[PDB]
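Novice: Pasting an experimental structure, sequence included:
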Amino acid sequence: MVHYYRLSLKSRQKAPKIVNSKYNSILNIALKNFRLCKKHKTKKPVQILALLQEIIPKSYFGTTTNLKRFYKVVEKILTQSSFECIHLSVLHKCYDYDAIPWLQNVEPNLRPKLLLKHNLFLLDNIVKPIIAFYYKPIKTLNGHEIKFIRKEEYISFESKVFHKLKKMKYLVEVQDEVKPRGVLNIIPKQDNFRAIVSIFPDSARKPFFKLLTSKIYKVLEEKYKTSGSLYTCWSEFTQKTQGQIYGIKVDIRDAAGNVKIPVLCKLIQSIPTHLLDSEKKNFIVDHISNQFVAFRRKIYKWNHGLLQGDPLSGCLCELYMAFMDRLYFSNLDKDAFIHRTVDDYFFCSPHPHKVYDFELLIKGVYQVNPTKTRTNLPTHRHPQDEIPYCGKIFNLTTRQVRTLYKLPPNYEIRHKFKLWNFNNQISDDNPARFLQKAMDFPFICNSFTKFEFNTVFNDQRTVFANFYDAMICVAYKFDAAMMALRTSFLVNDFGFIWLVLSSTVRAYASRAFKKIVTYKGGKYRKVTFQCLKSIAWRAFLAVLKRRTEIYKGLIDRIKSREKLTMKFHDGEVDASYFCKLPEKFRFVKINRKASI
DNA sequence: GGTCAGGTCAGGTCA
Ligand SMILES: [Mg+2]
Ligand SMILES: [Mg+2]
């Protein structure tokens, strides 16, 4: 009942020098080259595809089509997403066994299972180890994107920042022996960095760690007035204000790093004893006061704010900022709007000067990221009407809000979707259950909420454009799933495809109708059940056009019937946006080629 | 057969 192979590197093994008796000795040639490959003869430019072809003799596959079949899996590995899998069946089905010389002696009908396991051996003992030798997998944290960087480069970057973190005395060799709680990792996040700790497993302590986090969060609801729902505060404020809205979003930089431990410790002691007893208080106090981290066989003490990667740090920083909240935001004009996520602040008022004062206040209290500041203030260098905050885009002039989409140029959109589940596996003969589990609604549910479908402050044009953008996303996921179906299910029967799509469009439109009818507003005109379906269908249409030759049947299929009459009772909807693909998603890369 | 709360999972969002 195990049908999956995981692409991730940690599954790898450490190659024996010789292959055992149950495997054919040709493997050892490969292994030989492994040592020779190991020889420090590498320069900056290597291609893993290229070096592998000089490690595994072509005589192992015999024919070029077999070799290409195998290297296309290798290429998938080299371009992999986190959690991604393939079907074990891929490793043996459709190979030309006649042309493989070392497989002729054994009778043909017992041959397939052997070949799968032999290819598994090569992938686990030579391919993955060779990838590990020159590269480190890091999760970009934008979807499941994984970028590989040269080990020499990652180590150099990690040494540079280690020394910088040493000159500023953030890190100090402890020398007094102390049990370290975890290992430091330096993770790049664009121009800046993220220094985090991976905690050594401390079994039975995560019940304890969840308990302490829970009890503090209860304290943070109970003593400090909840920030409000982000949606409701903004709703009330939009109704309040009929004039031009003014606003600012600021991003505090290293909010954990700018925590003053003495003040936090005093907040701890100041907690009432009925909420959190003195023993737990004292356990927490030397916990944040004695942060010990293991580097290259050496232990250091972190003495700058809260350490990311600590179980308590996420929740603890919120308490500090929550306390800062009351310290500095008790008096605010109730004709104004304010909301905070954790280290991001969004503030709006009808008066420009009061927004300016808020900006000066925050800069006076905190070191901020000036590049991350967005404002409609006129006196600012690069002012904008669109403020991104908490996954959404707010237009202060129009009051319209759109979903925010994190698609950098050349981002590969298949990294956004986690299509493989190792815990519940689907057999290679069952593609339909796979595709429909892929199209479960819950996954896009976070773009099917009151925020995008309300008509209280949102126009019908923007509720449509939101639904469209989301449906564009669902189309891109369909595409990735289809490409998965061709390359590992090796499906030939596309007749059953044209079915769940419309079953989903119907159900999705119905769910939309429900939400839109649930949140009618003063800007709500009239929305036809069928019009939503037409929008969804036009979204799929716009997407499917990227790979026309593969889908020309399907596009033609939906071309007839499937009503797209975009004659909505509004007399304003441009409708050009709906017809084609928004520029954000025209420039994103769907194909797959092994770069390095 | 009709609810419920409780428990688990799932793919997603935010920081
Ligand atoms: Mg966990
Ligand atoms: Mg938990």
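Specialist: Sure, I can see it. Numbers count the residues shown, from 1 in each chain, chains lettered A, B, ... in the order given. Ligands and ions are numbered 1, 2, ... in the order given.
Novice: residue of the stretch 251-400 of chain A with the smallest distance to DNA strand B?
Specialist: residue A:391 (2.8 Å; Cβ to the nearest atom of the strand). Using the backbone N, CA and C atoms, a C-beta is placed for each residue, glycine as well.
Novice: which residues sit in contact with that residue?
Specialist: A:403, A:404 (Cβ atoms under 8 Å, 6 or more residues apart in numbering).
Novice: please redo it, this time with the cut-off set to 10 Å
Specialist: Listed by Cβ atoms under 10 Å, 6 or more residues apart in numbering, the contact set of residue A:391 reads A:230, A:341, A:403, A:404, A:405, A:406, A:446, A:447, A:451.
Novice: Quick check: residues of chain A near DNA strand B?
Specialist: Proximity of chain A to DNA strand B is confined to A:143, A:314, A:341-344, A:389-391, A:404, A:406, A:416-421, A:423-424, A:440, A:442-443, A:445-446, A:477 under the rule Cβ under 7 Å from any atom of the strand.
Novice: what about residue A:43, neighbour count?
Specialist: Neighbourhood size, residue A:43 [other Cβ atoms under 10 Å]: 5.
Novice: Is it part of a helix or strand, or is it coil?
Specialist: Using DSSP: H, G, I helix; E, B strand; the rest coil, the structure places residue A:43 in coil.
Novice: Wait, residue A:139 touches residue A:148, no?
Specialist: No: here residue A:139 does not reach residue A:148: they are 11.3 Å apart, not a contact under Cβ atoms under 10 Å.
Novice: Return the subset of the contacts of residue A:391 lying in strands.
Specialist: residue A:403 (DSSP state E).
Novice: between the contacts of residue A:391, which is closest to residue A:91?
Specialist: residue A:406 (34.7 Å; Cβ to Cβ).
Novice: Setting aside sequence neighbours, what's the nearest residue to that closest one?
Specialist: residue A:142 (5.6 Å; Cβ to Cβ, 6 or more residues apart in numbering).
Novice: before we move on, what about residue A:474?
Specialist: residue A:444 (5.9 Å).
Novice: Run a quick neighbour tally on the one you found.
Specialist: 15.
Novice: That one reaches residue A:475, doesn't it?
Specialist: No: assessed by Cβ under 10 Å, residue A:444 is found out of contact with residue A:475, at 11.0 Å.
Novice: Which of the three states applies to the residue of chain A most remote from its centre?
Specialist: The centre of chain A is farthest from one residue, residue A:105, which by Cα atoms, centre = their mean lies 48.9 Å away. What three-state DSSP gives for residue A:105 is coil.
Novice: what separates it from DNA strand B, distance-wise?
Specialist: To DNA strand B, residue A:105 is 43 Å away according to Cβ to the nearest atom of the strand, to the nearest Å.
Novice: what's the answer for residue A:29, then?
Specialist: 39 Å.
Novice: Tell me which residues touch that residue, please.
Specialist: A:19, A:55, A:56, A:57, A:59, A:60 are the contacts of residue A:29 under Cβ under 10 Å, 6+ apart.
Novice: now that we have these, which one has the most neighbours?
Specialist: That'd be residue A:56 among the contacts of residue A:29, by other Cβ under 10 Å, with 22 neighbours.
Novice: And the residue farthest from the centre of chain A, its phi and psi?
Specialist: Dihedral angles of residue A:105 (phi, psi; degrees, to the nearest 10) stand at phi -70, psi -30.
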